[PDB]
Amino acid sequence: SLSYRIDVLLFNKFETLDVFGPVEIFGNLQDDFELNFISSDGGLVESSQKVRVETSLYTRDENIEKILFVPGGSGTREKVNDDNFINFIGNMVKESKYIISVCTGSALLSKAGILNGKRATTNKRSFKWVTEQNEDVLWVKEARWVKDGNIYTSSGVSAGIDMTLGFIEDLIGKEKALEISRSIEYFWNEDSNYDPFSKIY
């Protein structure tokens, strides 16, 4: 048992990059993080771009600190209006130390009510859709990503990867995040505040 378990939540029609860019970063700190791919049913889950990934069921541990990671994608359109799924998420949040979302994953966290009275963001293309669902969230329009306590939310796919490296900086130290960037040859925009895509909407 290491320090952290990352519970990567997959569901039907998740966005491929929302999940895999961050995984590429977390999956390169294997003495720090236990990667756990979960979904409501276990088995293979298909992304919106047709990749099928093996997953398992969420299990509780008193024992290890848990980071819940919640991606976006088409599938949120229907997952928001699925009470049973939203209960699932809330169950998992109640138990996690850290909570991370990319894109419309924040719509799901919003529905679970965990972001009420919290600063958070979502991708710019879906900003209206997401935000108008919940007023009690201190939505932030322009940010690439927002940290609010132990909650980290981000916008589109670039922001989601850059946020993850930011999360590593916060948690493991910036020297580590840079080492990862350099070794996989990923260009990291450390600025979390100006999303150039906020512009066209």
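The first residue of the shown sequence is 1; numbering continues from there.
When the two stretches 151-159 and 128-136 are set side by side, the higher mean Cα temperature factor goes to 128-136. Just going by the entry, 67-75 versus 92-100 on mean CA temperature factor gives the higher value to 92-100.
Per the deposited coordinates, the residue with the largest Cα temperature factor out of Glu46, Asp32, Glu54, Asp41 is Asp32. Among the modelled residues of its chain, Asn123 has a C-alpha B-factor that falls in the lowest third, as given in the PDB entry. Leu2 sits in the highest third of its chain by CA B factor, as recorded in the PDB entry. Among the modelled residues of the chain, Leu165 sits in the lowest third by CA temperature factor in this PDB entry.
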